[PDB]
């Protein structure tokens, strides 16, 4: 099952966003660009650098009409604690979805079954819910947030201008 050019499945998760807890579903992603940013676990060494880089470009992403959704198999309670504890996480103004069931992770075909943790994968989704770009990496290899912007800018261009001349 290649997920590229396919509609995202429904979900119902608890999240953390700017101090308060909130519920986030597939209804909230409708009519807007979305970025489902998966990562293995909280209180790890590589994850804060990736999430912190997306936080630096979040003003730029919000201007383009793009929501971000940080996802992992930890609870929404853990994300609140990690936000206070870590400095690079504290600057995150976007939602941090908790996925203890692994349902949201299994919808995007991104769980490490033997570990019970989500792989390092980023999914760019359009207003209609269709997955326009995927980027999966190994445990050590980091994801650049400047390339993610280039992909969203490119995805937005082709949506607005289908079948461009060359």
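Numbering follows the first chain given and starts at 1.
- Between the stretches 135-143 and 33-41, it is 135-143 that shows the larger average CA temperature factor.
- Of the candidates 125, 66, 46, 97, the one whose C-alpha carries the top B factor in the deposited record is 46.
- In this PDB entry, the Cα temperature factor of residue 73 sits in the bottom third of its chain's modelled residues, the lowest group.
- In the deposited entry, the Cα temperature factor of residue 18 places it in the highest third of its chain's modelled residues.
- Sorting the modelled residues of the chain by their CA temperature factor places residue 119 in the lowest third.
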